[PDB]
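Structure first, then comments.
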Amino acid sequence: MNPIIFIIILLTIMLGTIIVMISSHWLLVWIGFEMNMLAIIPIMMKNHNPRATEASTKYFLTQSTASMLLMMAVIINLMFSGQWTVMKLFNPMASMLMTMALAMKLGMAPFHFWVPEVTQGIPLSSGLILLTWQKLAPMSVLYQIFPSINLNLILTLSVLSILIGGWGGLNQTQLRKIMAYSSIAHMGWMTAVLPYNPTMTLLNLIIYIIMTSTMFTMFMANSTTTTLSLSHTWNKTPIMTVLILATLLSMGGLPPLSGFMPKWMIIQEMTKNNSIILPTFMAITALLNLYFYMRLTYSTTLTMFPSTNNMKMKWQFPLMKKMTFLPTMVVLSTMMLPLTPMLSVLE
Amino acid sequence: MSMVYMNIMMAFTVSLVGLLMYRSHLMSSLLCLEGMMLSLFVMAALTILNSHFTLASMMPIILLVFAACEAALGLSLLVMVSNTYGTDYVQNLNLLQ
Amino acid sequence: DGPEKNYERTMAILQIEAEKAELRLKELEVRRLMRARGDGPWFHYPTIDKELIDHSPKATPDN
Amino acid sequence: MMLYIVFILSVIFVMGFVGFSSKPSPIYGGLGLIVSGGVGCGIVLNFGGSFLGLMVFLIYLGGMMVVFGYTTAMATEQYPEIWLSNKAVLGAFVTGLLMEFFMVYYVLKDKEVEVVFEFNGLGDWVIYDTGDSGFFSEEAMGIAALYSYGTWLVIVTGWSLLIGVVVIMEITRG
Amino acid sequence: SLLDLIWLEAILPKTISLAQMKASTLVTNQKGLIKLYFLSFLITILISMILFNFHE
Amino acid sequence: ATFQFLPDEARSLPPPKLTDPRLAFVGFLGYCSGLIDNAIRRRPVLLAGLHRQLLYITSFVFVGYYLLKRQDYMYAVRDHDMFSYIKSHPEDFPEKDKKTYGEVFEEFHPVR
Amino acid sequence: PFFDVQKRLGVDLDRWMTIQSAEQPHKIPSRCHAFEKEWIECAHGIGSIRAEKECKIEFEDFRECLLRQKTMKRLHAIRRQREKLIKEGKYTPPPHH
Amino acid sequence: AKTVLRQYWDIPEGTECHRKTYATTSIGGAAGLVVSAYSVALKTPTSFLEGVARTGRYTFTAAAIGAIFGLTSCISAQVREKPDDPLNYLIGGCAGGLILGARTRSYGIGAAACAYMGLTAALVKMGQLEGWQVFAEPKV
Amino acid sequence: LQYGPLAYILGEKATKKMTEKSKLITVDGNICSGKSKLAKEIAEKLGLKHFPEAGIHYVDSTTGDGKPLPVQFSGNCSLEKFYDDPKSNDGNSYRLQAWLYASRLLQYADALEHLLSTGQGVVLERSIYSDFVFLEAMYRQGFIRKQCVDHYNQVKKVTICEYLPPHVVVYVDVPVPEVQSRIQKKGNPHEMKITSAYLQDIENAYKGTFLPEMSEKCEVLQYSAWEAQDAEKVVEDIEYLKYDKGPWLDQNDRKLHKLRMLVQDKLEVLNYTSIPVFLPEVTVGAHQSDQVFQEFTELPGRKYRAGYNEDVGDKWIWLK
Ligand SMILES: CCCCCCCCCCCCCCCCCC(=O)OC[C@H](COP(=O)(O)OCCN)OC(=O)CCCCCCCCCCCCCCCCC
Ligand SMILES: CCCCCCCCCCCCCCCCCC(=O)OC[C@H](COP(=O)(O)OCCN)OC(=O)CCCCCCCCCCCCCCCCC
Ligand SMILES: CCCCCCCCCCCCCCCCCC(=O)OC[C@H](COP(=O)(O)OCCN)OC(=O)CCCCCCCCCCCCCCCCC
Ligand SMILES: CCCCCCCCCCCCCCCCCC(=O)OC[C@H](COP(=O)(O)OCCN)OC(=O)CCCCCCCCCCCCCCCCC
Ligand SMILES: CCCCCCCCCCCCO[C@@H]1O[C@H](CO)[C@@H](O[C@H]2O[C@H](CO)[C@@H](O)[C@H](O)[C@H]2O)[C@H](O)[C@H]1O
Ligand SMILES: CCCCCCCCCCCCO[C@@H]1O[C@H](CO)[C@@H](O[C@H]2O[C@H](CO)[C@@H](O)[C@H](O)[C@H]2O)[C@H](O)[C@H]1O
Ligand SMILES: Nc1nc2c(ncn2[C@@H]2O[C@H](COP(=O)(O)OP(=O)(O)OP(=O)(O)O)[C@@H](O)[C@H]2O)c(=O)[nH]1
Ligand SMILES: [Mg+2]
């Protein structure tokens, strides 16, 4: 891939997301989704190996099916309303189809099976796009149709995502599958608060993106994709292990780290609506996420695993990866709890 | 609703179940995807034509344009799947288990 | 500090806390009414903008 | 009987879908999809969309022609499967036709049928517009407005088609 | 006595930690097959409508 | 306003002081980012690239100032809406007739 | 939209196609033009929570125009009765019907 | 589920146990079938019989748990003349947990199932007595 | 402007700098076969960059002040210790072999970077493509376990795939009895313990595995001891070669842009030389690892990224 071609394709991925976000017409929203899927597959196939081919095919089949259900909902909405405006849907069957269509696009459980596999099959840079940028467009549509979403359906997906994400991460030794299951679990929190306060869905989304972007950027820096490969970081870049520790604890929602904020704010919103059993269940089940974050901090930062002799050759060479924005993202990933009231800007 | 909608809606459902219930050939599933667009095209056209909403008469055309892109995208992936395993069978796409 | 400074400093703290505590209860009651009745700035989900309608004479009379 | 023209076409429409949804050899799946495109064009034509109908037929005829070529190269086996050659294909094919027949039988037996949702079986002509004396096609004016009104739609569609060429070449350059 | 057996075996960190291991294995021990994942999408939609009436 | 970071009506509010404690914290966060940047690239943490360190602080404070202004404005808006709604619906916010503890009754629970 | 850049910049990218009461080529009106306009003008500015309740009449009439469900039920009632009376030798249609 | 759940709550507690048990048995069987559908879809049986034999065990295990829960919870209230007692569901929950352990051949599961199912059921009874909402309507 | 996609977009493409003198030549042959002397002559006559064979301290010469570092900063791998006790218990034999391969891999990247960046050809003495000959001889002599051989194949399998083979392979073919004689004359005491069986295993590995593979994709020139004497004859053959096979014919700008992006980042090059496969020979524990690593950073001009060490005269650090 010619560098100019990569930029144009990369700009098209953003263009499709932006089209969804600025569109007031259901057709243009669907077009934006198609444009996004068209441009992301070549990024997935960038390295041209059988695994990347499998991931791209599994991704394409899933996203195509969601687009069909989404467009079906739009046409049903047109029959029962005669209009195309992006807003609440006027038919409950259309609401179900759109909600499920967006659930597949996000990778929410039980439409989650593709997220672990696609993420594992593609490079880290592509996985970063998949688990962060690709969340924006479906969430922005959910942010506009939520008044007509069936409450039981959306909360059922949120609960299942948190459980399935929590349990799925416990068995993983690959860093890309850990980030996939962690992503599934975090998506559950975003949609659980969606019916009550959409602002806290945006807050959780932004903070999830900052923390996920930081973790992928640190994995890219040392070119690590397994738990054991990451366990050598202490012997080359000690500073990196400390940043991984702080970021991982934040992702686990431990105060006083930034990652505690979205969980804190979502519990507040749910209790204000006399929803007590669900936030309690959610917070406890999120302890599964913390458990398999803590294993990574054990093998990465708090202990020292054995090295290999050839590691000494890497002591003589500096990191040359861009690590774009890493110093800023890690500070935002960890030291933002004192600034929590700034969430009103999202209002 | 009008009785035509019963069969067009049924047609969409048949292709949806067609897509979700795979066999071996990945090509067969790509046809069920083009089947869903065909029914979506037809059902959109009936609604738009019957209601005399002129400006959306271009909507079904745009629908076909982005169906062609998906089919071209789907066929491209089938080429690379076939070049790897020598068939388009979907059971070969299980490295990532 | 003398007992007087800390005493009246405490009163100034209690006033601020009491005022905030009242507004917190008022807001939860305003949010409850606004959401139920939709007659306020909050929970104002958009309708279709009427300036998009065409009021010109059409190709046929009855419409 | 002729008043039910659109319904009769829609019955063949579903039957074509059962043809390729049962998923026999893609040679026959393509045939099923060509038929559905044909009577699908007929359905849209009978609602006043001659241009829309003929084009979906034209586009799908070229698409299945590419599919036929790809089937002989990448989706062919020694014994291509017909609807009668496989129990799973025949079972799906039979199931879809019986589910189609019964829906037809009740809606014709009663002039209404309930299949999850209420459908009226009075014939599709009853919903048509009564008056019409404009000296033009409404579909043509609506479609032709893509170039005056649909400036934004042309940009996004033109870009996507251009990117589609770039993308397919990246994907297929192993 | 048997009563404390329930109050222990059920609340043991081993019990809690070992049930999470079963659930983890059930979730993650998949075949990686497109056919099986999409067959489950079909079941999710059917029970969503027939059993929970999410479309109503 | 629609899709505006700071609508014109926001200029009636007193801007954040340049010595705001929240703005000082933001500036500190830029300092930490500047130090981490030296660390990950393996330069002398406190000394290296003071030009780079000044830009981390300046950019954080620049962005933080506008975020704090929007933050303040959105809370002023929330109060403006809440108070006007209370004005518009007197029947839903009636003054409580306030008894004194001499008149009110509370059951006493001995701590024996 | 999520980001209303169209209103901010004043450009009009897709609002033109959103409703069937908008300006059409050569002023061809949609079949339900009057019903849409009434519902859009009833609910303008008051929000969906209020509009769901205070514009049911306008919406209910608009829905009747779109899908004609009440009308077709009425016709099926009349047609069904005529079958009963024609088949019983009770009523005879006039020449023009 | 909505209608089937309603009828269970429709009839008074501690009375008409045959009907209560029919409700819980129906809730048990439906849960077993749902587990059977996902199980067979994602873990393909070797033969069509073993797919039916797997549906047979899960559906029967789930239906047995519900039937025993409904029976024990109703009879316990009937004996004790305490309809709205949370403790009645505690006994129903443990009996169900025992059925799972008996059906599973493992004293480890039977004990753990007793505790967790016992506490869960009592919370359910507490929930509708006190009006707790699991999926709460947005109100503020 | 450090090389990257932007520099490429602005017109820094490999095709603009290559010629028919932009070749990658490798000189091969058994021990004491005259490789290094021949290699220098070829480079001098063709105006190519000569790379002395990569040893235990090759990486040292490319970083810092260029001097060899103390051997604790190389795992204490010792060539002399290999010749004295080839079966030592501490795994010196394979630890040396694994270190040497990674040294050659690093050198090959440095050679390719020079070729692509400047267009000047290079000459190497052996390479990653022929390093396996010593692996094969070591194992056939029982100097390493079968587990070590599998490890080596794993590292080579994920590293040698990303590069292009040399344009020309020169092979000085000296019979084993002659090598055993030349080693005696040389005077190295440790080297004199090399057995004939070991040397016959290197010759067998070369003549049986290396040259047939290189024939299918490189211009392979072979010479006797007497032909190798006159580098003028060798240069004459090279200057009249065809170059009608091998992957170099299928390379274009975007492919060489990708290759250059790899070989200029040395950590990316060395990534898989340290795969977490815990062989006893190459594994090191935290206490030893941590202790040596802290020593490494105390070395002169080694605590900070090059250019940021005041203890070696670097200035303007507060503006860098
Ligand atoms: C104020 C409001 C906000 C409140 C939230 C909490 C704020 C803290 C958030 C921290 C954000 C991450 C930034 C942490 C900076 C860590 C700096 C450090 O520890 O020193 C790095 C040191 C480097 O070692 P060296 O080889 O000598 O130098 C190489 C780099 N030039 O590394 C090492 O050598 C250490 C290697 C051993 C690993 C030790 C691990 C245990 C100690 C970790 C301490 C940091 C814990 C951070 C976790 C969050 C704590 C709240
Ligand atoms: C974070 C500092 C505490 C460090 C230990 C970490 C504790 C865990 C953090 C978890 C979140 C709890 C945060 C609690 C602090 C926020 C509550 C608060 O203080 O809000 C009011 C504060 C202004 O404080 P005020 O009472 O008005 O007094 C002004 C005096 N000039 O307005 C604010 O919101 C400002 C809060 C930012 C922190 C104070 C900033 C002081 C100004 C200098 C900049 C900070 C530089 C030093 C960095 C210290 C990092 C440890
Ligand atoms: C008021 C400050 C309160 C701090 C509260 C801390 C809250 C937690 C903040 C988390 C972020 C921590 C910063 C990010 C990590 C950077 C530090 C690091 O990576 O490791 C420590 C490092 C020493 O490693 P080294 O390789 O030797 O660098 C050369 C420095 N001489 O660098 C160090 O030497 C230690 C760096 C931390 C100490 C900061 C010192 C404050 C600035 C002092 C001004 C400079 C004074 C110069 C004095 C000399 C002239 C007299
Ligand atoms: C939520 C409340 C908290 C609010 C937080 C606010 C977050 C947003 C604020 C921006 C965060 C990023 C700040 C980056 C500061 C470091 C920039 C720097 O010093 O660069 C030095 C040099 C390039 O500098 P130069 O490009 O010449 O500056 C002109 C820019 N047009 O080249 C270098 O060596 C820099 C390399 C290190 C930087 C990492 C790579 C990023 C490259 C950025 C390019 C320059 C960005 C200019 C920043 C201006 C911001 C106003
Ligand atoms: C995943 C498979 C997807 C398959 C899609 C199949 C086609 C789906 C058709 C969707 C439209 C069905 O529409 C459904 O039935 C009729 C339509 O008049 C409505 O019928 C009901 O609602 C309206 C509401 O005013 C009233 O007439 C009345 O309350 C009742 O008759 C339902 O409220 C509607 O939800
Ligand atoms: C009250 C709520 C408390 C919430 C606490 C947060 C829950 C976190 C759950 C983590 C569970 C996963 O942790 C996992 O548990 C099993 C328990 O069998 C351990 O299993 C361990 O003992 C079992 C047998 O007893 C062995 O088969 C296994 O080899 C051994 O590792 C795993 O070593 C551990 O990795
Ligand atoms: N085990 C091992 N020894 C090696 C390797 N490369 C070189 N050596 C040894 O390092 C010493 C120098 O290598 P040579 O160049 O082949 O010997 P030489 O004396 O220089 O002979 P010339 O070809 O003329 O240069 C010899 O003892 C080699 O056995 C290697 O990859 N593995
Ligand atoms: Mg030599």
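As the structure lists them, so they are numbered: ligands from 1, and atoms in each ligand from 1. Every chain is numbered from 1, with letters handed out A, B, ... down the list of sequences.
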If we count only N and O atoms by modelled type, under 3.5 Å, do the side chains of [X] and [Y] hold a donor and an acceptor together?
X      : Y      : value
A:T328 : F:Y56  : no
F:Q53  : F:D37  : no
I:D28  : I:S130 : yes

(message) Tell me which pairs pass side-chain hydrogen bond (donor to acceptor under 3.5 Å, both in side chains) where either residue lies in residues 241-266 of chain A, with sequence neighbours left out.
(response)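 Output for this query is empty, none listed.
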(message) Holding to side-chain contact (heavy atoms from CB on, under 4.5 Å), I want the full list of residues that pass it with A:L175, two or more places apart in sequence or in another chain.
(response)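 Residues passing side-chain contact (heavy atoms from CB on, under 4.5 Å) with A:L175: A:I178, A:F219, A:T224, A:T227, A:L230, A:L296.
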Please set out all donor-acceptor pairs under 3.5 angstrom arising from side-chain atoms of residues 339-347 of chain A, sequence neighbours excluded.
residue : atom : partner : partner atom : Å
A:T340  : OG1  : A:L337  : O            : 2.6
A:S344  : OG   : F:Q71   : O            : 3.3

Stacked cation flag [X] on [Y], 6.0 angstrom / 45 deg:
X      : Y      : answer
F:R70  : F:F5   : yes
A:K312 : I:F296 : no
I:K49  : I:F51  : yes

(request) Examine the proximity of ligand 4 to F:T58 and report which part, side chain or backbone, both or neither, has a heavy atom under 4.0 Å away. (result)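 Under 4.0 Å from ligand 4, F:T58 contributes no heavy atoms.
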(request) Check each heavy atom of F:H51 against ligand 4 and say whether those closer than 4.0 Å belong to the side chain, the backbone, both or neither. (result)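 For F:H51, no heavy atom sits under 4.0 Å from ligand 4.
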Below 4.0 angstrom from a heavy atom of [X], which ligand 4 atoms are there? Numbered from 1 as shown, please.
X      : result
F:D37  : 37 (C)
A:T328 : 11 (C), 12 (C)
F:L67  : 1 (C), 2 (C)

(message) Heavy-atom contact check, 4.0 Å cutoff: does A:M342 meet ligand 4?
(response)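 Under 4.0 Å: yes for A:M342.
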(request) Work out whether the distance between some heavy atom of F:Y56 and some atom of ligand 4 is less than 4.0 Å. (result)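 Within the 4.0 Å threshold, so yes.
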(request) Show the protein residues that qualify under the rule heavy atom under 4.0 Å from an atom of ligand 1, listing them in chain and number order. (result)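 Lining ligand 1 at under 4.0 Å, by heavy atoms, one finds A:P238, A:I239, A:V242, A:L243, A:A246, A:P256, A:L257, A:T301, A:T334, A:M335, A:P338, F:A39.
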